[PDB]
Every structure is written in structure tokens, then in C-alpha cells.
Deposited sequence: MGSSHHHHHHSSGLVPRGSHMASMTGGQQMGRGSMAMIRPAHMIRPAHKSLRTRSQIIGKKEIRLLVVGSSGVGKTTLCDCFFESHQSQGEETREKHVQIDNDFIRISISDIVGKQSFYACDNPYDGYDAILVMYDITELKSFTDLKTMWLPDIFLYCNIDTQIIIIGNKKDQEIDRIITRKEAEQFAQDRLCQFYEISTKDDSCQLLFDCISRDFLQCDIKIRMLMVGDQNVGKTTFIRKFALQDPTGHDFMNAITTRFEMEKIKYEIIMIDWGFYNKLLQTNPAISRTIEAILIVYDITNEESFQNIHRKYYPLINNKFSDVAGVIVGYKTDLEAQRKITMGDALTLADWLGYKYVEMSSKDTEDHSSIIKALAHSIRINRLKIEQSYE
């Protein structure tokens, strides 16, 4: 219900929530523009919207440059980022393609919608996010080791992904009755994120690393020893193995678990929701 609108000047918020005449006053709302040291506190009190012109290429290029680092850096693990093409009633005037705008919307882990401030659009978009507020609280971003074999098998419990021929970005929301949302990521998409936004692990809480029989886990750990050391952790077994003594030597850093195939009906549901639940309870204030 607490929102902030950013973006350069050819178009924007003024006209945008000028149509919030419709949505304003059940379900509540508040909207402010970003630009006192105490009044800089409600700045970060958002639940989330950086826009750009489809006509002005410069607005988009400055969404990719001028706007984003602030929004990524200061925002707490909470909220979420929505990227909005305005106009679209101007669609003849689009100099800015939808698929790479949405692709660079995907690669930053942001939601993306092209609207028209004039009519339609608007209230629809608003409606959507309103729903995703009572559909779920917000998201927890978890990462899962992306080595070749076992990942897909672990992820089958999402909706199977092929999709993302390079980097996964998977969604699962289940709980009990606060109904929260958990997003699984893969090791491929993390280093692919770091060229876009370095240290997005500020948004990452749980760390899952899977395994079958032979793996050192050294490299992946020590390269993940940087942005983490807050986190949360589990090592998993998948598939001369299933010996738990040499599991807990690397797991001396973490907690570990062992299972296989579709016996995971519990293990999945056991492991995830375990650490997940702690994310709610363990650190809160």
C-alpha cells in the first residue's frame, strides 16, 4: 500500500496517479514521490515502480543507468521492483522494443508491465499488485546450486522448467496461514546477475546446494563466501554414496540432508519450509 514512483522527465507519476482518482480513498493505498533526514525514512517504507518512455530511448537507457543502482542498493531485502513502460497509446511511436525491455526486466528480477496512463491500463495494473499483496505477503529469494544433473529433479515441485534456456528463475508459493512466496534461483543466474547488479545476495536468504556422489563444494562455497555470511543454509543429497560422515565435514558450515527422486514429497516439503519458516521467525523485529 506504500508506493514510490521514479524515472526521468518526459512523462510519469503526475499523470499516473492523476488517474488514481479511481483508486484512492477495504484495501488501502498510499503514494509519494521520492525526490528531511527523518522524512528520508518513509522513502524506504515502500512495498516497491521505475518507469520510462517508450518514445524516448534516453528514458530507458537512463532506467538502465541513472535510476537503478539506488533502488537496488538501499532497498531492504523486502519490497520488489516493477518496471513500467508508459504511453503504449503511442505504440506507433515505440522506439523501444518490448522483449529486450522485458528481458532486461527479467535479468534484474523485476516485474514488467506496459501501460497507458490515459485510459484502460492503470487500474488493471494497480489491481494486479493489490491482488499479489493478499495473494501473498512478499517474496523470499533463495538460491540453489546449478550444477548439471540434480537441480531439475529438485525443482520439479514448483510447473517444470527449456524455459530459460540459460537461467531458471523459478517460483513456488505455499505456506501455513500467512501464505508467503519463495523464489528459487540457480547458480547460472547469480553470476549473470552480478554483471547487472553486483551483490544481489542482500536479497538472498536461504542457500541450497545439492549433490549426488562426487563433489568438492570448495569453489562454489568460497566464491559464495563473499556476499553471504549472513544467509541461511542447507546441503542436500540427490540421485558409493549416502555416507553422512563426510557430508557433515563440509556441512560443519551448515546443516545437511539426504534423499532421492520422489521420496522428496516430504524432504522437499521438509527442508524448504523448515528453513523458510525460520526466515519468518528467526530474524524479525
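Practice item. Could you name the stretches of the deposited sequence that have no C-alpha atoms in this structure? Key: Deposited residues absent from the model fall in 1-62, 88-105, 116-117, 131, 242, 246-247, 263, 327-331, 378-391.
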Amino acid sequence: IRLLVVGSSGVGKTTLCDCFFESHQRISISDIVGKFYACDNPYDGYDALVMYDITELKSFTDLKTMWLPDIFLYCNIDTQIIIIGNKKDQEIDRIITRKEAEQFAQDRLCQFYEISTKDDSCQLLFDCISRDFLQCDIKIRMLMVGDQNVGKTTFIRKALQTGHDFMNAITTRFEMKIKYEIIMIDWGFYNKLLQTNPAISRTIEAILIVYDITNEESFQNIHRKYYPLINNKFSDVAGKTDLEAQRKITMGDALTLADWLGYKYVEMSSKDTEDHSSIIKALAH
From here on, numbers count along this sequence of modelled residues.
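Check your understanding: Which is higher on average in the deposited entry, the C-alpha temperature factors of 148-156 or of 162-170?
Key -> The entry gives the higher C-alpha B-factor average to 162-170.
**Study point:** Which of 226-234 and 248-256 has higher mean CA B factor, as the PDB entry lists it
**Key:** Mean C-alpha B-factor is greater for 226-234.
Practice item. Could you say which of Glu102, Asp78, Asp212, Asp132 has its CA atom at the highest B factor, as listed in the PDB entry? Key: The listed residue with the largest C-alpha B-factor is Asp78.
Point to revise | Largest Cα B-factor, entry values, listed residues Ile182, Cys110, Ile178, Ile200 | key: Largest recorded C-alpha B-factor: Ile178.
Point to revise | Relative C-alpha B-factor of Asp137, binned into the chain's lowest, middle or highest third | key: Highest third.
Exercise for review: Can you work out whether the C-alpha temperature factor of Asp44 puts it in the lowest, middle or highest third of the chain?
Suggested key: For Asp44, the deposited C-alpha B-factor lands in the highest third.
Exercise for review: Would you please rank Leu3 by its C-alpha temperature factor against the other modelled residues of its chain and give the third it falls in: lowest, middle or highest?
Suggested key: For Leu3, the deposited C-alpha B-factor lands in the lowest third.
Exercise for review: Using the B-factors in the PDB entry, rank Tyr52's C-alpha atom against the chain and give the third, lowest, middle or highest.
Suggested key: Middle third of the chain for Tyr52's C-alpha B-factor.
Check your understanding: Against its chain's modelled residues, does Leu283's Cα B factor rank lowest, middle or highest third?
Key -> According to the entry, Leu283 has a C-alpha B-factor in the chain's middle third.
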